[PDB]
Each structure stands twice: as C-alpha cells, then as structure tokens.
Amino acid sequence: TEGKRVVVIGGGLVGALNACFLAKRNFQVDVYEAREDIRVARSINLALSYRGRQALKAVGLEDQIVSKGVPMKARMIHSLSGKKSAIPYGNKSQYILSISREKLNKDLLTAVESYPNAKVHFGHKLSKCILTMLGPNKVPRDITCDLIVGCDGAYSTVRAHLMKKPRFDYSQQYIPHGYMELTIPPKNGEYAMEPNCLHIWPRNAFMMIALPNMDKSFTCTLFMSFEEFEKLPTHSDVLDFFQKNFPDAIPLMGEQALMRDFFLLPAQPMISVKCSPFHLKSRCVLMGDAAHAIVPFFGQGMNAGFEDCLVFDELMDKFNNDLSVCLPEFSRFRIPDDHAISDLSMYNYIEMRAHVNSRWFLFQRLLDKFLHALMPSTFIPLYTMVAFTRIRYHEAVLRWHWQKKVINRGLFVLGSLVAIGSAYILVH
C-alpha cells in the first residue's frame, strides 16, 4: 500500500535513487546519510550507460543528468609509440556518457526531497552494534519500519548484520592494484584532447583512462599494482615513469602539478565483495555496492546498482507491492546477474594485466566489429550487450561464451580448409 514505512541507509547514488523510486510509490521513505549534506558541504566522474539511464528514466531524472554529462562516442587509445587510435562505441546511435559523481548525487538528493512523502536525514550514521545516531553521537534514536534498504555502499553496515545471519554466503577480496586520480587541464581554455572519447593508455601491468568533464578538462584515473606505487616514492621516479610508459601525458597534464596531485594521497584500494542472498524475510534488502562491490574495469558499478533499483521496482509492479514476494524474487532474479557483471569486471581486470598493449586492444575490438557486421545480430559484442542493452548480465555472459565457441569452431574449419586447399593447389 501507500502508508507502509521504509528506511534507506545511505544517501549515496543508489540510496538516493531508490528513495525516489519508493517515494514515487507513495511509501513513507526516510533516508539516513552518514556524511553532511554535499549540496551545502570516491571517483570524480563516471561512465553512464544504458542500464543506469533506463533506471533514471523511470523516475524522470534521465534528462536532467544527461544534460550535465559529456558524450563519449568512441574509445581513443594512446599507444606507447604515441599513435592515437580511435574505435567507436557500437553503432552511431550508441554512446556512453561521462557524468560527475557529485552533480549526480546532488540532483538525486534534491529529487528525493521533491517528494513531500520523503525525507533525508543528513549526519545520521548506523552504528556498528541497529541504532541510527542523530547529529550528536550516542543519541541512540533509531525508529522502526516495514523495510530497511541497505544502500550503505561497499563497506556496508547493513550487510554486516546479514553476514551473521544463517546460510549467508559472502566474500571480500582486495585486489593487488590500486587507483589514483590525476587531472588533465584545458590547454588555452579548450579541451587538451578529443573530448567525445574515453581516453585509454593501456600498458600491461599499468593502465590509465580519462573521462571528460564540462569545464574543459579530463580526470584520469591510474591503475597499477601497489607494488609499482611503492617504487615511485620520489618526483624523479614519477617523471621517469611517465616518460617511460605514458610519453604524451606529461605535456597534457601539468608537468609540475602532476607531482602535487600524485603525492596528494595514496593509491586507493579496490575491493570486491560478493554475497548471497540479498534479502532477509521481507524486513531487509541490500542494493548496489552493499550487495555487490565490483572492481572498476567495466563502467558498470553505478549502472548496475541503478538497475537493481529498477528491477526491484518492476517486481513491485509485477507483484502488487508484496514485499514477502519481491524480496526473495529480487535475490532470485538479480543475484545471478549482479554476480555475472562482478565476474566480467574481474576477468577484465585480469585480462588487463596479462595482455593489452597499444595493439591487442585494437585487434580484439576490430575483430568483434568484423564479426557483428559479418553475422548481425547472431554476434553482438559483449561490450555492446552490457553497455547499450538491458539483456540480463549472465545471459550476456552466456551469449558471449556461445558466440566465442562458434567463432573458435568456425575459424577452425576455415583454417583446416586453407590447410588442405593450399596443399592440393601445391601438388596439382
């Protein structure tokens, strides 16, 4: 019905979105957010794709977010040699777009407040032992409800309770790599690079990507194993490194501001958490990074959490607001998918260490483009499937494996027919 009450832990990206979706069903939705309100007081800007956008669309916020974003119509690949090679995101109608973390969060907290049947209680934490604190600490004044939604991010308190509950599978892995942000400013008030591209500098042990902001700049994030981060404790090491591996960056970024920004704070650890199931007896449910913290190697963390919100809302339609049905159906329907994108993201991260240089990224993608054009749509590349559709993640993995099977089997018969065809036309 309308006048059941729900509390959302976390006023983050997913927390705020879910609040809107719920408010939009006339729930009494109270949001509790640890930090102080960001509109007065981890990444900087993220890649927003179809799944996130479809979820934004259901609350009528797609347009507002889309407008403050910069499109990325292509990948732009910065070879070691220096060669700049571009490859499009799918067809001409399909483009991911770069948006800012903060702008995204802010418009969302304001969208929460636009529903009079929704409030957002800033400066309220959830303590380690189910009490929500007020402004002044040790003011234990929690208050009960028909639903508690954990959107408290990757280091979720709500999940920490659920972990002690029974038949709850859970896993948390810090990967060897860490990430650090570095800005490319405008060169004479204009973007220093082609601004409707995702920029990549793919090496083997290291990786840099850069995404465009509106103020004509880019924010780059740098992935390398904490190992190498150890080996560059001095400014000469950093410079030496950038000169060796990232030749064209130094002019683009500030050659001396590079050094202020690198040593500003330490390479950030990336965490992977899986768990199952996502719910508990129609009283509690996890969502987004609280349910699934993935390594950031597919541009899907926020998108998938946004999609969680949506898939819930679809089930609330499909089962007339029965929480006792929706909560188990969410776990059943969605866990397979959220696990799959987790795996994909991890795999990508592994691939990224073994073999991507300037050259293989191009071959691998242009091969995929070759085969889509060859046999559309019986081959849709993976990156298209995740980025520009709502095909379920695990189905996308399936299709992706099957396809890979028929490319390998297909290539084999042609290799063999070459291999007998050459011999026959060599003997006679």
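Numbers follow the displayed sequence, beginning with 1.
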| property | result |
| --- | --- |
| Absent coordinates between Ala41 and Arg42 - deposited residues affected, binned into four classes | 4 to 9 |
| Unmodelled stretch of the deposited sequence separating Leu265 from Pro266, binned as none, 1 to 3, 4 to 9 or 10 or more | none |
| Between 77 to 85 and 97 to 105 (mean CA B-factor, as deposited), the higher | 77 to 85 |
| 374 to 382 versus 396 to 404 - which carries the larger mean C-alpha B factor in the record | 374 to 382 |
| Highest-ranked of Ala111, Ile350, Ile148, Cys129 once sorted by CA temperature factor in the record | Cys129 |
| Selection from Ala419, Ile9, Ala16, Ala23 [criterion: highest C-alpha temperature factor in the record] | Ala419 |
| Within-chain third of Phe27 by Cα B-factor, per the entry | middle |
| CA B-factor ranking of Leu222, expressed as a third of its chain | middle |
| Cα B factor band for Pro116 (lowest, middle or highest third within the chain) | middle |
| Third of chain Cα B-factors occupied by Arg167 | highest |
| Record-listed C-alpha B factor of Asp237: chain third | highest |
